[PDB]
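Just one chain is shown here, as structure tokens, and it is the form solved without this ligand.
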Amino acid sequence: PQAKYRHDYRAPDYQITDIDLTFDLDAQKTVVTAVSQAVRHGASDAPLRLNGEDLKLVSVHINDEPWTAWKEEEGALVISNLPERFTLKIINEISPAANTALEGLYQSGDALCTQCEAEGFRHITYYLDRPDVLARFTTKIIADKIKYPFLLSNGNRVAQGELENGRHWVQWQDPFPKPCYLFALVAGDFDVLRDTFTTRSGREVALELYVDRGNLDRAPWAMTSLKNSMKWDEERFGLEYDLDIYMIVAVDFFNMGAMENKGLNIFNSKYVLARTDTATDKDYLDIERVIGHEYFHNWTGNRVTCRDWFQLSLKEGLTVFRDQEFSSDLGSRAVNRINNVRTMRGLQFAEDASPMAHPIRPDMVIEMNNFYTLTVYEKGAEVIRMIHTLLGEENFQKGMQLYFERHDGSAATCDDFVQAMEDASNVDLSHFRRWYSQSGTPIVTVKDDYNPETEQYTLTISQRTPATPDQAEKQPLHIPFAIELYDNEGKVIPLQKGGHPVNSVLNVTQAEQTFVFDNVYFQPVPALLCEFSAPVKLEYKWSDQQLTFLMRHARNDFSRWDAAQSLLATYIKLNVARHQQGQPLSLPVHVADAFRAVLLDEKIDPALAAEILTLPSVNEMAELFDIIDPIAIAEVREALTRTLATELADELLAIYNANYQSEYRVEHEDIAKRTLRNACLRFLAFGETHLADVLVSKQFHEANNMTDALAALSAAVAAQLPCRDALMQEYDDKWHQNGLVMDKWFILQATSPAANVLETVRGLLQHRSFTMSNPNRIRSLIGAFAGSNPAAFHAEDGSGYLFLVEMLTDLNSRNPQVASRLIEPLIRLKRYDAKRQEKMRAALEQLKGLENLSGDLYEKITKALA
């Protein structure tokens, strides 16, 4: 497999302006007829090079003349000796039923559906499968009427007819030129939820949600979320939907989350289907986020698309930023920010420290499907958010407006977007652009001094980004570094110098810099990197008392949570070192006291309290350490939970009881109380065994919603309570027919602290609700074990690695995209001790030797073994 390079970008030799597709659909053999209007832009002797994968070519015509001047080669059809403008007609066959990779045209249950991003359309026909080629599509679909009564593609229905032998057809036209990755086709039999949204300017939009027969009871929340998304994009960004119909199809078999195909989004059913007895608060909020995300792509991705795939973050960073802003505006901004920061520090930082490290705009890609990453998406959003911090909302929106004005109807670059922001705002972003080209996580070190003689406070701030495997050279970035200074009363000290106010967002642009503030009338307690103002590691020598002071006094809820994280980090590190020496947990009394105060504080938002009372995950804890000890981390997390459960037992029960809610509502105040109550339950499960078992079993059985039922079941598994097996069996018996609900149970099985977890996981490969044919099942059982049970995955006997090798040997052939998701825990080997590294290296070497090794795995394995 050959690497492709961003610096090799060249405008295409040919454009296609219009394509008319016909599908004669059948699961075994689909015939595709594609009639494209092409125009040569390059040299008169340049051949037309069409991408194609696994196609059976039937015929090639140019202006209806059977063409003799062509050859097929690896991944391509190369057509020579063409006029400047011509009609290309290709007929080819494909086999949806044979498509286990779920890219191109494939089967999802009884339905046929497509996935074309990034380079899936070339699995359907020979085409210019590159996103800077935009064409107007029309799509004719011919199929068996009984099997496929609904035949959907992008845009509007313009023709329909009936044929002999029980077949029918529909033709669709989408007026907006698009790259082929935004093409979609769906055929099948569905229940349809229909509704309407009227845009602010009065365009009435038909909304249609297609779900498997029998699932209409689970569709209204997604529909509500769609309307919410449409309204928000109007209010916040001034953007209206631009077509007459908005279709969403929920499919059970899907490699990712959802796909923004113009006017015909295709969603993993996990991000559509919800009922109060099947879905948790988190599921509801995820459906909201993902519905919003795909909707927001209509402008940031569709109306303006990507010139090439190295520009992926142009749409993904900006659309993730938009979905976060949406969720934050509608819900708790603090809880959203907190959770997004947990993801950055606990998951994205790990990727940036790994062999797969890349800038948000990559320079080199072998398999583009490998680059739909925490970096491109989540760090991409942090970079957008930094622009927002630097510009402020008004200038940011001016930048958005200039971006659309310039680039609407075209494929653009990351640099185009940055230039629009810079030009609209008059803020210089030339240095800022390095965030697009540099990989790795900057470390920002802060030292301070208070001078009582002069009433000056001095911050000396330094930065460095360690070298990464992809980049030997690193340079200083433009880091927006937000601060707040507090006096002894918890009041904010005005920032000023030489008689002028100073902006609280410091521009940290050098390797080292000093900032001096005057009229600092009392020695301050600083709040540093407020609202996680840049995606960086902060090094500052906090005292415990400074941190508990911030937990009490900090103005923004994020700062209060973040101070608690810094307080915990010190004692997590302490207790992991202790674990390694065979010593039990040690925690100062004043630390337990800070958490008691949070529990008992009547004024604190329960949403905030709940997050402070949610310990960092084992993945967040891992990032505190150069070399990860996953067993020590897991056991310390449990010991810390048990210690707090004992110290806080009375308070935890009081708050648990106080937050009881008889009515279940998917409403932010109720969700916040429930999140707090269940945070309390988690500790209570790890307290005195009989009371724990009673509380947990009672909640599981009395729950009137899945959030409370699953919180109880999860606690029973985590604390290995007596009731565990009975409750787990009860859930299986009730829910085994429901794959999405069973995913929750597979996750609990996979992440269990039980000594025999791997045995159980292997046995579950035979479970009635599990199948290797479904990405959701695979991720919930196998992915959760390897990625979310590092203590078991990294068992000292190497059994976890051997298990994953077995699974990846299957998935490499079946579904390389899912295989490549699942190999990630193995490529982290350099973070582990020598003995583990050698077993992980052996595992990777076994996979490297596989017959028919996918490009997806090849790329990751070679980087890991380098």
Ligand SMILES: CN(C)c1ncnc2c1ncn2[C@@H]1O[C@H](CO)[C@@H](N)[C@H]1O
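When you see a residue number, it is the position in the sequence shown, counting from 1.
This next part talks about the form solved in complex with this ligand, which is not shown.
Interface residue among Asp743, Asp233, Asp352, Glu378, judged by heavy atoms within 4.5 Å of this ligand in the deposited bound form: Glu378.
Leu374 is the sole member of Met386, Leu239, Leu88, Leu374 with a non-hydrogen atom lying within 4.5 angstroms of this ligand in the deposited bound form.
Stretch 824 to 832 is the contacting one of 837 to 845, 54 to 62, 28 to 36, 824 to 832, since its residues have non-hydrogen atoms within 4.5 Å of this ligand in the deposited bound form. This ligand is not drawn, but in the deposited bound form it has a heavy atom within 4.5 Å of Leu347.
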